[PDB]
RNA sequence: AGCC
């Protein structure tokens, strides 16, 4: 289990906080 | 979804495809500001 | 598809029986216009396949070996029973081809070619009549003694080589390599003398033919040259420099042509004889053809005592002048103070822990001694040095301070490294504590050499016109170049005492310049490796006895031998040019040293005549001989021999001697990996003037990539398995073009090779659970940081897992599991479904928006490399050679200037790319695992300079993916003003990541279209704004396909 | 005539159109080619003569 | 079954 696998991408942490534009 | 009108979403034009992509990278920026405050 | 047509025609030849059937396996991208995966073959009658078809080509008389042309008694081609009387004393290591392909495979690859081209038209008929007259000699000699059947691991036992001559296998291998490169009548007259004479003369044939090439590059006039600026950038200058040659060179070139007539060569000394009447550059590729063909004779494998006898037996005298050795020792002392003045005064972090600096980088050292180790319950024998540390750190024996003596009690073992047509060189096998002491100090010597004009690490790039282009920038009619060939550099008298005492004296003026207690210690241990090597004994085994010979000189295989041999040249050629200035008055323009081959350009007052060339050359080999360093002094006015490159008359000529069907050491690869080394040694020899047939090479990839599971079944993979951009790539469709395929079934198979790209090995998972591996990881985390963190320790313990991939059995359990897992996919045509972004997924979205039109470009630039093929010379003359080299090392960025300073690790550009696109607190978790402190990694993240560093890593990562700096794309200028008239892409701002890849992919499709067809096209890409934003989010999640055998395909030497 | 690709590239730098915002200076490039240039020249002469 |  390398360290480059465990740290989550920017697109993953942008999905735990939801909002609608309009 | 985007909740814009349904004749803009299913349309295949150039001036209406860019409008869906610009409103898609405003949500990813508004969720990027709200996530940085919570940390 | 052409390889699929030769694959189906090959199996209808080697299986002549009626019981052989071929079942092609197809597949498609859809569920229900299909490309084929492999070809099955069931054949049962397989005994005596090659020995039956050889008899129809065995005509004429066989070759009778001459037995009185070699000085030794075991270099003649005698019968092995006459040489080795009993089976207990039979050494295979004197004729071993060391390639995993036997002689009975190489004879079918020629007899298959001779059947396809048996009735051709009157132009290709003369090639067939020239390759048949040579194969009559090869077949009638093998058929007299029969064909030796190989072993299961492709060696040759005693009972199959008993009644045959000893070098029958390693002569029939190199002669097949030569007759499959005959294209012209000039190539047929050279191949007939190097096949007949090579059956008896196994000692001095590659030396006599390759001898006059150092002389013939000094007779060709210069009319227009490439030069280089002071910073390494190309310029074209069209001066006219006349070649001046004394009357003693032609009295020496006549002696070299009468030594080639005693050996029996009577038609190679007729081409040099008929070229010397003109001395022209337009017939000079004939003279480099003979120099390139001479290296294909074969290797000179000898006994270790018999090849290290003229090297280790020298005459040291005290009748030198001691007034010349005081300036030589002082000029070595002045360099070591000049190199380590700035990293000692300002105390650098790399010198402060030299014990840790050698420990984390011991995968770059040479292989040590073979020693028995114990890892838990297992007992393994290994020669890698970082496995010796894990066994010595457990048993309470790891003492890096105490440096072991190498005197008569514990001598130095000796290893060899040889090249055909030259003498052999010896390699020390030192203990593992001579690498720890000499690593952090030598690495500070090689950063000064990358900024100094007189060393060889300055002119070290990927191109070859920018590196060796400073030879001809000072050339005129009043100057001369002075390249000297020191014969035995390793054991001369100027290297034993005054070279080791010039370094020791330079480390005592650096123990008074500092104030730390650590920098005095790492400068004392590097001093301790020089006093112990002052009186070193060497160990050479022969027969029963083991000889211990005193050897106080300098050999290779050390760590400092690349950066301290370059100091001893710049101090020795500075002393000789000061003794020659008592007879003449000049001004030394440049001196440039690369190991032990150098040159120096002297500029005179009056014009250079024929008397100032004969009398300077008699004052170089008489001033060197006063210092007991005998040399062959050569002076020239137009051209030199810089290291393995021949700059003759404004053009640059390389050597093309790479042995395809032989090897010098038994490699630790499989057959699948040695079928890509065999192809990549064909592209290198094709670019340098030795053109082997492609259809002989593609036949050799057929016989090496196939793998059987049963004695009756065979599996032959197709073109789309070997050519696709994956881990399993072997060759390309067109030769010098790296193509990225865009088809719905071609991306379907490249994703199908992504599952089994990573396999596990049963040896490395048992070592990593043992007690002595956890003891080695625990004592590295103590020295790397004073604290203890759980994040860094798993970050260390999974970093030495990849270091065990340098071990040879561990790197074979992976690759044997790659091919054994591929066989379950080539038989079952259905594959799996997954999504992962590759470079081909990005090019799927760009290619349907390009529109092509026809265009033309007139020739404007000229050619500086005249041995390149014809379709590559049309590109260079139309868009131009490369002017300046763009770097892809990434050290101009601000994160690779922080990692290199504050830590000793070096991360790959595929590792810095993945971590630069994450959040702020994900770069923090990675930078602490490198050894950077918390206060420094909080500075770089909190400064927000990583946002401007995203585009300096992606620029150097895409240049690594598309292989622009390497391959054959390192000759064409990409910023040329003649490629911008063909690329017409309108500019759309604010997205630099997509606009960069639109111009780097359009520059490659125009070049790859003009190599395939020879005509230029112009592109136009009105890319929409709605497709740029969709491609913007896929530019950071791109993944590369890295293979260990492909990293050697980027460099040529 | 002037080339279509060599004039659109010249026109797309005087406008300085950005690939992120949505603007009315990206519709200046629609339907400009070498066949419609040859069509307006014909239907302006041939309309006046008939 | 391991640097033959």
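With ideal geometry, Cβ positions are generated from the backbone for all residues, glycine too; neighbour counts draw on all protein chains shown. Every number here is computed from the coordinates shown, using simple stated rules; none is lab data.
Each label point is 7 Å from the Cα along the Cα-to-Cβ direction; what then is the distance between the points at residue C:247 and residue D:49, in nm?
9.0
Regarding region C:49-201, what is the average projected area of its C-alpha convex hull, in nm²?
Result: 9.7 nm².
Show me the ranking of peptides C:928-939, C:961-972 by mean Cβ neighbours inside 10 Å, starting with the highest. Could the numbers behind the result be given before it?
Details: C:928-939: 16.2, C:961-972: 18.7.
Output ranking for C:928-939, C:961-972: C:961-972, C:928-939.
I need the calculated FRET efficiency for the pair residue B:37 and residue C:1000, taking r as the beta carbon distance and R₀ as 51 Å, to the nearest 0.05. Walk me through the intermediate numbers first.
On the way: r = 38 Å, r/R0 = 0.75.
Efficiency, from the Cβ-Cβ distance: 0.85.
Which of rounded, prolate or oblate describes region C:318-433 when judged by the alpha-carbon gyration tensor and an a/c cut-off of 1.5?
oblate
Averaging the inverse of every distinct alpha carbon separation and then flipping it gives the Kirkwood radius. What is it for chain C, in angstrom units?
In chain C this quantity evaluates to 32.2 Å.
When C:573, C:1011, C:531 are ordered from fewest to most other Cβ atoms inside 10 Å of their Cβ, what list results? List each step's numbers first, then the result.
Working: C:573 22, C:1011 17, C:531 13.
Final ranking by Cβ density, sparse to dense: C:531, C:1011, C:573.
Compute and list, largest first, the equivalent-ellipsoid semi-axes of region C:887-972 from the alpha carbon gyration tensor, each √(5λ) rounded to a whole angstrom. Kindly include the intermediate steps, with their values, before the conclusion.
Numbers: eigenvalues 136, 33, 21 Å².
Sorted largest first and rounded, they come to 26, 13, 10 Å.
Averaged over peptide C:789-796, how many Cβ atoms belonging to another chain are found within 10 Å of each residue's Cβ?
Details: counts 0, 0, 2, 1, 0, 4, 2, 0.
Other-chain Cβ atoms within 10 Å of each residue's Cβ, averaged: 1.
For region C:170-312, I need the span (max minus min coordinate) of the C-alpha atoms along each principal axis, in Å, sorted largest to smallest.
Computed over the Cα atoms, the extents are 49, 41, 34 Å.
Over the Cα atoms of region C:228-346, compute the convex hull volume and normalise it per residue, giving Å³. Write down the numbers at each step before the final one.
Values: hull volume 39.8 nm³, N = 119.
Looking at region C:228-346, the number lands at 334 Å³ per residue.
Inside 10 Å of the C-beta atoms of B:31-39, what's the mean count of C-beta atoms belonging to other chains?
For peptide B:31-39, the averaged partner shielding equals 4.
Arrange the peptides A:4-17, C:834-847 so that the one whose residues have, on average, the most other Cβ atoms within 10 Å appears first.
Answer by packing, highest mean first, reads C:834-847, A:4-17.
Exposure proxy check: C:1036, C:293 ranked by fewest other beta carbons within 10 Å?
Taking fewest neighbouring Cβ atoms as first place, the list is C:1036, C:293.
Taking a quarter of the surface of the convex hull around the Cα atoms of region C:642-681, what do you get in nm²?
The directionally averaged projection comes out at 3.9 nm².
Using the Kirkwood formula on the Cα atoms of chain D, what hydrodynamic radius do you get, in angstrom to one decimal?
13.0
What do you get when you divide the Cα radius of gyration of the protein assembly as shown by 2.2 N^0.38 Å, with N the number of residues?
1.03
Counting only helical runs of four or more DSSP H residues, what would the 222 nm mean residue ellipticity of the protein assembly as shown come to if each run contributes -39,500 (n - 2.57) and the total is spread over all its residues?
Taking each H run of at least 4 residues, the total per residue is -10500 deg cm²/dmol.
In what sequence do C:1039, C:379, C:80 fall when counting other Cβ within 10 Å, fewest first?
Neighbour counts put them in this order, fewest first: C:379, C:1039, C:80.
What do you get for the angle between helix D:34-49 and the principal long axis of chain D? Use alpha-carbon atoms, 0 to 90 degrees, nearest ten.
For D:34-49 against chain D, the angle is about 40 degrees.
Is the C-alpha gyration tensor of region C:419-563 telling us rounded, prolate or oblate? Criteria: a/c under 1.5 is rounded; beyond that, a/b larger than b/c is prolate, otherwise oblate.
Oblate, since a/c reaches 1.5 and b/c is not below a/b.
Beyond 21 Å, how much of the Cα-Cα pair distribution for region C:946-1024 remains, as a whole percent?
Every Cα pair in region C:946-1024 considered, those over 21 Å come to 35 percent.
Quick one: grab the alpha carbon gyration tensor of region C:909-1053, order the square roots of its eigenvalues as a ≥ b ≥ c, and give me rounded if a/c is under 1.5, else prolate or oblate depending on whether a/b is larger than b/c.
Oblate, since a/c reaches 1.5 and b/c is not below a/b.
Count, for each residue of A:11-18, the Cβ atoms from other chains sitting within 10 Å of its Cβ, then give me the mean as a whole number. Spell out each step's value before the answer.
Numbers: counts 4, 0, 10, 8, 3, 3, 9, 3.
Rounded to a whole number, the mean comes out at 5.
Can you work out the FRET efficiency for the pair residue C:487 and residue C:921, with r the C-beta to C-beta distance and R0 = 56 Å, to the nearest 0.05?
0.35
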